[PDB]
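**Q** Could you have a look at this structure, given as structure tokens, before my questions?
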Amino acid sequence: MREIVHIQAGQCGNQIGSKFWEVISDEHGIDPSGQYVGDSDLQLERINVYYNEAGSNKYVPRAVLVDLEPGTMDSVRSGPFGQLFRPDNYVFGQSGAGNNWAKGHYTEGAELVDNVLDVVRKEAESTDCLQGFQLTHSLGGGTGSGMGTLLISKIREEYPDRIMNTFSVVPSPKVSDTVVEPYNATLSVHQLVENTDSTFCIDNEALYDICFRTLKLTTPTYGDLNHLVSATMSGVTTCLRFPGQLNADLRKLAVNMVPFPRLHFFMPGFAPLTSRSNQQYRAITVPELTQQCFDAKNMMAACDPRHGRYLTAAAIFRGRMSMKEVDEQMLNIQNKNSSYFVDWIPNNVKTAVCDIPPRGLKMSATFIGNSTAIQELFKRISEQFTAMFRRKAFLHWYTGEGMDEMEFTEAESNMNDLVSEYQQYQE
Amino acid sequence: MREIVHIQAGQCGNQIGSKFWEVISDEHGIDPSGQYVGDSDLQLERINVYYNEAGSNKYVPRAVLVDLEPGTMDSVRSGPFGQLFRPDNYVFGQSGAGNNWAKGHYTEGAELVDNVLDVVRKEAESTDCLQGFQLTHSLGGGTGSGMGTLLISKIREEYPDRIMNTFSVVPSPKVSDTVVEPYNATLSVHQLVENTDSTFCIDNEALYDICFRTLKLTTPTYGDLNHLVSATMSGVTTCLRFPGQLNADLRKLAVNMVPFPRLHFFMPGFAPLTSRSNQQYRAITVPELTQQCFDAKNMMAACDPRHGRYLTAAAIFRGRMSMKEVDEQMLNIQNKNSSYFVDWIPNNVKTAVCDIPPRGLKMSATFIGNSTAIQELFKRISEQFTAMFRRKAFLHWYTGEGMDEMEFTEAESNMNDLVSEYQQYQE
Amino acid sequence: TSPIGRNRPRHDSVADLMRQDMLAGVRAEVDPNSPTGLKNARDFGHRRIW
Amino acid sequence: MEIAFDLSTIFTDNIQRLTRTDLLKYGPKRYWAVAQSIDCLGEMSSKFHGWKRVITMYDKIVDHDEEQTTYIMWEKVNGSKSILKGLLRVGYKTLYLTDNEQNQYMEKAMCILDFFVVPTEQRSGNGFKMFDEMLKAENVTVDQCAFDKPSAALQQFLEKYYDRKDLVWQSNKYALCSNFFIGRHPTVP
Amino acid sequence: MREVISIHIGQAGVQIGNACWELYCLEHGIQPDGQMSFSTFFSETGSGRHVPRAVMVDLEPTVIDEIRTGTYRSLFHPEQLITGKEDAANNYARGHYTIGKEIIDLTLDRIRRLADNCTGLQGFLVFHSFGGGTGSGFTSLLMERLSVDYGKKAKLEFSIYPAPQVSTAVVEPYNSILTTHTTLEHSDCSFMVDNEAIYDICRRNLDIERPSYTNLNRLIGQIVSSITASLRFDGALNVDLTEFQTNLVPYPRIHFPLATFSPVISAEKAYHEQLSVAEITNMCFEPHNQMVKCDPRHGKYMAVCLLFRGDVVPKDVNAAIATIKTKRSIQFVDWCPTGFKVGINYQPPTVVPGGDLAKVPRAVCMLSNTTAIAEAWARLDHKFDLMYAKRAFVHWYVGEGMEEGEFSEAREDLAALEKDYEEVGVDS
Amino acid sequence: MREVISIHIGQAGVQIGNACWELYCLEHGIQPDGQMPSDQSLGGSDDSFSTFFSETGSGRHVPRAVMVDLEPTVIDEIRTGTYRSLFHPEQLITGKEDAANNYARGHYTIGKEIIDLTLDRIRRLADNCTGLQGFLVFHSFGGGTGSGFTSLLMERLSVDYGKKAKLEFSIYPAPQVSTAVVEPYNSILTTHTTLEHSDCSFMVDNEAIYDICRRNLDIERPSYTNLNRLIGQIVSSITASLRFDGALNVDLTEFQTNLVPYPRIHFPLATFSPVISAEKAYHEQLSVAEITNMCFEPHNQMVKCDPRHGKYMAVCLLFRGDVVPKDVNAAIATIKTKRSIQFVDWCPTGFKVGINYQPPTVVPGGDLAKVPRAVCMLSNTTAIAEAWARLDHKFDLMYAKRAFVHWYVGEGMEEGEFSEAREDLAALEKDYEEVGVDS
Ligand SMILES: Nc1nc2c(ncn2[C@@H]2O[C@H](COP(=O)(O)CP(=O)(O)OP(=O)(O)O)[C@@H](O)[C@H]2O)c(=O)[nH]1
Ligand SMILES: Nc1nc2c(ncn2[C@@H]2O[C@H](COP(=O)(O)OP(=O)(O)OP(=O)(O)O)[C@@H](O)[C@H]2O)c(=O)[nH]1
């Protein structure tokens with residue numbers, strides 16, 4: 001009734017999506033072979049949101065895996081949940097974009113977006129009532145960024161009214177591993193602002209900081225970061241799949257969160273993140289989850305919320321808890337942090353409580369914050385973009401694929417407007 | 001309703017605190033893992049006095065463990081009740097104070113006292129209604145004797161109205177094992193006099209004598225001494241945790257036993273101490289417990305009470321008993337030993353009868369004694385200090401951390417003033 | 001010889017961290033003859049007296 | 001404890017001998033189950049024992065300078081689910097041994113590097129089956145093997161099934177049986 | 001799926017190719033006779049033999065005869081081992097216009113046959129030396145023909161640059177200047193290597209008093225294996241050849257990166273060293289560790305590619321990169337805020353039996369595009385000017401079809417390239 | 001992490017370090033090739049072997065030691081010996097010509113050539129360690145290298161690190177058994193550096209340990225190996241508290257605080273009490289009382305001096321093994337009751353007791369019997385002033401006629417340095433004389 005189409009672009013997006021599908025299968029009790037090995041009737045009540053029915057008690061995810069390089073696609077196929085996805089949904093090219101936005105958008109992604117849409121449409125028109133799409137990609141890469149923006153534009157043209165969600169990993173200087181990634185990020189933000197309903201900005205540096213300080217992980221890997229992102233993704237769309245005392249779907253969150261059409265960039269989070277040592281000596285209650293959701297160190301974006309003012313916030317709780325406690329916690333947060341919330345919005349937090357906690361967790365809370373501090377990431381990206389564009393640093397690679405220099409100027413100017421608009425409502 | 005915050009400083013303090021928490025968990029039926037496995041509802045009725053809770057039937061002691069040497073922290077964590085304490089409550093420095101009062105009180109422990117105060121405060125406002133603090137340390141070391149006194153002064157500054165109990169292991173010449181311990185003891189006594197409501201002076205020689213002659217222990221290690229001290233700890237505060245016919249908390253004992261502000265140095269004790277051979281040869285009745293509490297051999301301080309009249313005494317009984325027996329026993333002790341009690345105070349003995357005896361004991365009684373014989377321990381300490389300071393034996397180590405000789409002279413003068421104050425009421 | 005695959009990059013430490021119910025809380029016993037064992041027995045352990 | 005794969009389609013026995021060549025063949029790329037099971041058992045052993053690091057890892061075993069073999073006990077649970085029961089990693093090593101009366105020896109002896117059973121799956125005769133399977137696999141008796149810091153429990157287990165007690169502890173934190181009949185001492189006592 | 005063609009021209013290129021293919025056979029477990037991931041370098045026949053995707057071409061048949069009589073007789077395809085009648089004799093003109101034309105057609109036919117047999121061709125790996133006559137002139141001709149024929153395909157050529165002082169020929173500057181024109185217009189990424197620098201590396205790091213050409217070729221083979229390991233070994237942060245060029249090459253003419261392999265250490269000292277990621281990253285940037293006799297401190301870095309191998313964790317890489325960027329001596333251009341392209345792999349480098357390298361647990365190959373490489377071109381400019389003010393051996397060139405204007409044109413081209421580096425190294 | 005760097009200088013220092021590191025490898029279960037066969041020990045007592053041995057990526061353990069000698073004979077003997085693959089190759093530093101038993105050669109001329117390399121290696125070691133506790137310096141007073149190079153290196157270490165503890169173990173010249181003819185000069189000259197830049201200097205005599213070996217071990221012809229083994233036992237007993245856990249620990253700072261009364265009074269004696277043959281340990285109970293009583297016998301001191309003629313100031317009893325503190329309290333009680341053992345009147349308590357739960361490790365092939373408990377008494381007594389007086393008298397006799405002064409003045413040393421060092425040692429003797437006077 002509220003089915004969702006999931007698409008993963010690039011290595012980062014593909015790995016994040018694989019971890020997300022593993023997490024979801026754990027939540028719904030789906031055997032890695034595709035069978036249902038659950039123990040409750042609530043898991044099958046709304047399993048159609050993410051999974052299709054294969055008949056013989058097999059549930060194939062409604063996911064479209066796309067990458068310009070077959071290596072990551074084969075790695076996904078060979079993983080623990082490789083047999084989950086339908087083979088015809090694997091859409092792999094011949095060679096990767098080589099961290100080139102132009103390659104991944106104008107030529108190499110252009111002669112593959114047709115095959116991508118031929119299965120995106122097949123998945124979409126096979127649903128009772130489509131709720132929207134979700135994308136996982138990285139803004140710094142070529143394949144992820146360029147092909148994701150191209151596919152976003154194609155889908156938005158094909159499905160103007162559905163909800164378009166993107167879980168995009170934003171590059172940062174502190175963990176930079178690409179020379180031309182600011183170019184790709186600046187080119188991607190242009191399309192993200194115009195053709196998305198909600199873009200959940202995620203940053204690798206913040207995930208490293210979380211895994212190092214909060215979880216106290218000595219040697220974090222990409223598995224840990226992808227698990228954090230997967231937990232956030234599962235929390236965001238948990239009111240669709242399980243009953244709750246106060247339901248809130250994707251469209252409800254979009255309505256309650258964005259004040260203006262292009263202010264749909266959010267900082268995610270997760271409440272019960274606790275170290276191994278402190279697991280037994282910490283009381284997991286609604287207040288604790290509240291101050292950990294609103295803690296600056298728990299945000300999965302590099303920017304610090306204390307440097308800006310919150311426009312809107314959304315904390316989706318999971319588990320059995322009294323609504324009075326949740327409401328008083330939000331009132332306390334509003335009153336204590338009144339300086340960090342906009343005064344022209346009476347109440348900022350859109351709370352939602354879900355009855356079913358995550359597996360192994362007594363209760364949880366997924367935080368979604370729409371703060372003007374998001375402008376910091378785009379300001380840094382624009383600074384790097386201007387620094388390289390003043391000298392035409394790497395533009396011959398992009399011009400060789402047909403994209404002209406005028407596009408870079410438009411992308412920077414349009415992305416500069418996005419920074420100003422967030423600064424407009426920041427005092 | 002009346003919570004107590006526990007602090008452990010130094011190796012001796014940490015070991016005594018570990019023994020004390022082991023005994024308390026035995027009394028409250030607390031599993032060494034933190035779970036509650038008690039068989040009686042009385043134990044859990046007021047477990048909040050010494051334990052916080054973590055929800056899933058797990059209680060964490062309100063204990064702050066501090067030592068500048070991380071080795072003692074690791075030893076505590078690796079003990080039988082090691083995983084009972086919260087990891088955040090462990091506060092440690094880089095290396096031990098090196099048996100230097102100056103180090104721990106001015107540089108090495110003064111660096112860490114800020115973190116110690118932070119964690120202590122975080123525990124303090126976590127209480128519904130704080131009663132006070134109790135600290136375990138040794139006056140012969142550097143970490144304990146110096147940093148614990150610094151923390152005592154800071155706490156008394158922060159909480160001037162809450163009770164402050166210290167169980168300090170004063171040095172003795174017979175079992176002395178540190179060269180520079182007179183300096184540390186003489187420097188610590190000033191702070192103990194100034195910023196403490198009730199000091200329970202404990203002596204290693206007295207504990208060894210008790211273990212050798214009363215319990216007839218062939219090889220008394222530090223565990224037995226710590227167990228006796230911990231039994232005194234549990235006996236003192238039994239009325240705050242269990243109901244009884246005549247209840248006396250720490251404030252009641254301080255009111256009864258302190259005629260003048262500086263005379264708050266007590267002598268601990270324990271009634272049912274008997275050898276293994278004579279377990280069946282003796283009847284544990286109120287007269288026997290009273291006699292053994294008021295016996296000079298059973299007292300846990302090296303000073304002989306026979307050479308000094310008692311100012312005030314306090315026998316805190318436990319278990320089912322008659323209060324006619326107790327009253328007549330106290331009257332008999334007052335009358336038959338009229339020379340051992342001050343005449344200007346009509347009644348010196350204060351009684352309290354809790355209704356819950358220690359596990360395995362039919363009835364117990366803890367003796368607290370504000371005798372004038374306390375001057376003997378300080379007389380010995382001042383003799384040693386004068387002998388060492390006449391030639392400045394080890395003064396360069398202390399002066400290398402910013403201390404001064406005038407500080408030593410002032411500490412000695414104030415300690416002799418306390419000795420003279422105790423002697424004033426002798427006859 | 002042949003190329004060798006690595007399993008460390010596949011490790012997911014967060015998965016065990018989320019499940020608080022999966023915590024054990026059980027520690028192995030120290031060797032009595034080891035110096036830590038003697039310390040535990042003597043300085044932290046004690047003999048029953050009543 | 002539980003592995004989300006049907007190990008019966010790969011492993012031939014409930015207690016399978018996994019030498020270094022077997023682990024190299026069973027790489028995590030296509031045989032993730034065996035590597036993940038080995039790593040999970042090693043992590044569980046390290047957590048139980050209180051160690052600050054894991055000493056039994058598939059990656060650590062395969063890249064080790066000298067060959068080692070690992071024994072894993074599993075059981076069938078469902079179509080695509082299996083349960084892990086215990087771990088046993090051993091290998092041949094050269095040891096500088098010293099017997100009674102300060103006699104110096106230097107001989108090749110088989111070491112028991114790791115021997116663990118899941119705490120909730122202990123007792124019920126577990127571990128003895130793996131140890132017997134090992135001994136029958138490479139015809140090694142207890143008289144010619146070495147124990148790495150034998151735990152109080154192994155010290156008893158070997159006492160209660162091989163009656164071999166009152167072991168001697170070598171300088172290299174290894175405890176061997178009193179059977180020093182190997183001879184050819186490099187240094188006279 | 002991801003195939004690459006390797007071409008070895010001249011004695012230096014052919015011997016480096018011998019070392020490279022020994023290393024690849026060791027890496028993939030392929031026996032020297034061809035019997036046994038590998039699809040990148042080797043083509044599998046129906047009978048089970050694996051044949052390298054390599055073309056060994058040289059006018060002088062001596063070294064190729066050594067190959068055809070040596071241990072690797074059965075490895076290479078017999079038609080891929082192309083020989084002439086007589087060498088170019090350190091003459092660019094002889095190898096370009098006179099003797100190169102004899103076998104250019106056969107070489108191109110073999111290259112085309114190799115290219116048509118692979119569906120996922122990624123690029124070319126041309127191994128040669130600037131100072132030679134064959135490896136200069138014939139490489140120029142062959143690579144210009146390859147650029148005409150293929151075009152968009154990558155052309156990554158590895159060249160042995162003449163040392164500032166150590167030399168084995170008197171006409172090296174002439175040939176190097178002449179080949180500067182072709183290595184600048186056709187090659188997509190040119191890695192020049194200095195013999196003197198590798199000699200210094202072997203003397204200092206490996207404590208080898210008398211290194212031979214075998215050791216130099218083994219280090220070069222290790223570098224090429226590190227470069228191409230992302231195409232045949234799975235790992236986090238894969239780096240394709242196109243990705244490599246995009247991240248490393250800022251301008252069409254600025255395509256001359258350096259090369260180094262930091263975890264080169266003596267076997268005895270290896271067991272007593274931690275060799276952590278931070279340490280190897282720090283010693284990548286050592287001025288004496290680069291394999292070109294130039295000082296990277298004098299120049300400013302423009303783009304750095306770090307291809308880690310073995311047991312490497314991305315957080316350690318990020319910390320090492322932060323530490324490197326904090327250092328004042330390591331100076332980057334202002335217009336490249338993110339100068340590092342990091343690649344990681346799970347396959348540790350293999351150790352050649354009898355080699356000078358130890359079994360390190362992790363390795364890294366730093367490939368820096370820096371302006372400091374212009375010093376070598378300045379040295380060759382001085383050498384060419386000194387040797388051309390009197391026209392020492394110009395007659396040997398003009399007597400083999402080459403025109404006098406070629407020398408002036410090549411000198412002007414290299415001067416223009418040096419000026420391009422000088423004008424791009426400045427800040428904005 | 002409590003971890004200490006040890007420096008071995010000269011032939012005597014390097015040869016002593018051989019036995020010391022053999023003992024450490026035996027104690028921590030480390031093979032002579034650097035491997036640790038015990039797989040579980042790596043994940044267990046991490047702080048135990050981290051004090052003396054580092055760790056690499058391949059699992060080998062590298063000692064935190066720098067053995068430096070101006071001539072390469074003994075170091076090359078190491079590099080060709082059993083432990084050739086234990087030490088880091090760059091931590092074994094050599095010259096080409098020795099100091100030729102000359103202080104000036106080892107200090108200025110041959111010293112300054114490799115002092116920079118030695119300091120670089122020490123700094124590289126210190127940067128790798130995170131919890132550096134102090135420095136252990138092994139050398140010899142009467143040598144050329146072990147005197148001059150030690151004097152040159154101690155001052156640089158003091159000006160570089162500073163607050164770190166510099167505990168040096170040295171072979172003091174014997175009153176009669178002398179293997180050199182100019183060793184009074186070297187010892188007098190190195191008195192200056194052992195007095196200022198050191199923190200707790202332990203003196204050792206060869207004749208004293210020879211007599212101890214004869215009386216206790218029942219060996220009539222001993223050699224340097226036995227002496228080095230005994231000194232290694234002493235240093236292991238001293239450093240046992242850092243690497244092992246036990247009741248009443250004593251680290252380096254506690255040691256210096258308790259045992260050093262005044263800044264210049266830092267020259268304690270040394271005696272490992274339970275030294276006995278295997279054929280005699282069967283007939284002895286080896287209880288705490290008797291091993292404590294053997295500490296104060298003059299026949300057990302490892303400096304050829306009579307403690308009766310002086311007065312103890314501070315005593316540090318570092319017990320190890322099966323020891324309970326009540327037996328120790330009884331032992332000090334009995335010692336205090338003894339009138340022969342005279343303490344100073346200004347030290348009412350002079351016993352700093354440390355107990356460890358790790359028993360002494362017996363080296364195979366050694367002459368030390370296996371014992372359940374051991375004690376390393378380390379007293380700051382005034383009887384060492386008489387050994388200083390003997391050395392001063394020998395120096396005065398040698399210097400009255402200017403016997404070998406030209407050998408020293410020909411290598412950069414001024415002739416007035418002899419007088420300066422003589423006056424410094426006279427001042428030290430006067431300090432030890434005036435500290436013992438009753439108040
Ligand atoms: N949180 C995660 N970030 C990742 C992961 N894999 C890569 N990345 C990061 O993604 C960024 C680059 O994105 P990608 O590797 O996906 C480049 P992409 O594949 O989109 O394009 P092509 O290179 O053209 O194939 C860079 O920050 C990587 O460190 C992952 O599993 N998780
Ligand atoms: N205990 C002990 N003493 C030694 C040893 N080797 C030398 N000595 C003593 O060291 C004293 C000084 O001589 P060396 O140590 O050889 O002098 P050095 O420090 O090597 O200086 P150079 O002579 O310049 O090489 C002599 O009086 C020896 O008795 C040894 O292995 N053990």
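Note that Cβ sites are derived from N, Cα and C of the backbone, with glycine treated the same way.
From Swiss-Prot, here are the annotated features:
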BINDING   B:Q11, B:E69, B:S138, B:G142, B:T143, B:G144, B:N204, B:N226  GTP binding site
BINDING   B:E69  Mg(2+) binding site
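How buried are these features, and what lies next to them?
**A** Within the same chain, residues at least 6 positions away in sequence whose Cβ sits under 8 Å from that of B:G144 (GTP binding site) are B:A9, B:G10, B:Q11, B:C12, B:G13, B:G104, B:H137, B:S138. In the three-state DSSP assignment, the secondary structure recorded for B:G144 (GTP binding site) is helix.
All protein chains shown were included, and the count of other CB atoms within 10 Å of the CB of B:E69 (GTP binding site) stands at 25.
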**Q** Check each residue in the chain of B:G142 (GTP binding site) that is at least six apart in sequence and keep those whose C-beta is under 8 Å from its C-beta; list them in sequence order.
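**A** Listed in sequence order, they are B:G96, B:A97, B:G98, B:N99, B:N100, B:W101, B:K103, B:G104, B:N184.
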**Q** Per residue, counting other C-beta atoms within 10 angstroms of the C-beta, which of the binding-site residues B:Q11, B:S138, B:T143, B:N204 reaches the highest number?
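**A** Max Cβ neighbours within 10 Å, all protein chains included: B:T143.
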**Q** Test of understanding: give the count of other CB atoms lying within 10 angstroms of the CB of B:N226 (GTP binding site).
**A** 26
**Q** How would DSSP class B:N204 (GTP binding site) in three states?
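**A** Assignment for B:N204 (GTP binding site) reads helix.
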**Q** Using Cβ atoms and a cut-off of under 8 Å, determine which of the binding-site residues B:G142, B:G144, B:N226 neighbour chain C, and list them by sequence position, or give 'none'.
**A** B:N226
**Q** Please report the three-state DSSP label of B:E69 (GTP binding site).
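**A** B:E69 (GTP binding site) sits in coil per DSSP, no helix or strand.
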**Q** Could you measure the widest C-alpha to C-alpha distance across B:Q11, B:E69, B:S138, B:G142, B:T143, B:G144, B:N204, B:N226, the residues recorded as binding GTP, and give it to a whole number of angstrom?
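**A** Output for GTP binders B:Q11, B:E69, B:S138, B:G142, B:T143, B:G144, B:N204, B:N226: max Cα distance 22 Å.
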**Q** With H, G and I counted as helix, E and B as strand and the rest as coil, say where DSSP puts B:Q11 (GTP binding site).
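**A** Helix, per DSSP.
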